[PDB]
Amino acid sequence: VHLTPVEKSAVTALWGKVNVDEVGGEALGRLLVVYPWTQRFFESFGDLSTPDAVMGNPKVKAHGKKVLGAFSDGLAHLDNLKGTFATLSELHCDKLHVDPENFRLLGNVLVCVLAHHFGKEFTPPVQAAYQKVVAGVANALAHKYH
């Protein structure tokens, strides 16, 4: 379901309040904690063996930042998301072979992390808009599987 003018305004409004050097790190870190098999994709990243270990790993926070940045891009280019993530699709699908269900999980963890931070400001209607967005990034990301 595409974006109507009201929610477009709503999501971009609160994306501006997002701190761009943490939430990405908490989203990835929570993905690695809540869905631990995803760790396998990061043996290069070192210590991931406990939550607090994960949630402070400088690699993780570092990596997160560029994932959030990837998300920012999709926001700016909703009308054509698959083009945006064309290259990303290739790396994740063709190179690493990440099962695309894992994409959906990360989008939902990011949505959780927006709720954690923004609290009551993350209303059901603003979640509804964001759920449209993340499902776009997950779908665009697996386009090469299709």
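Start at 1 with the first residue shown and count on from there.
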Item to complete: Take the C-alpha B-factors listed in the entry for 117-125 and for 62-70, compute each mean, and give the stretch with the larger one.
Response: 62-70
Practice prompt. Higher average CA B factor in the deposited record is what I'm after, so tell me if that's 85-93 or 25-33.
Written response: 85-93
Discussion item. Checking the record values for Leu105, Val98, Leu78, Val111, which has the greatest CA B factor?
Written reply: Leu78
Worksheet item: Comparing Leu14 with the other modelled residues of its chain, is its CA B-factor in the lowest, middle or highest third?
Response: middle
Worksheet entry | CA B-factor ranking of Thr50, expressed as a third of its chain | middle
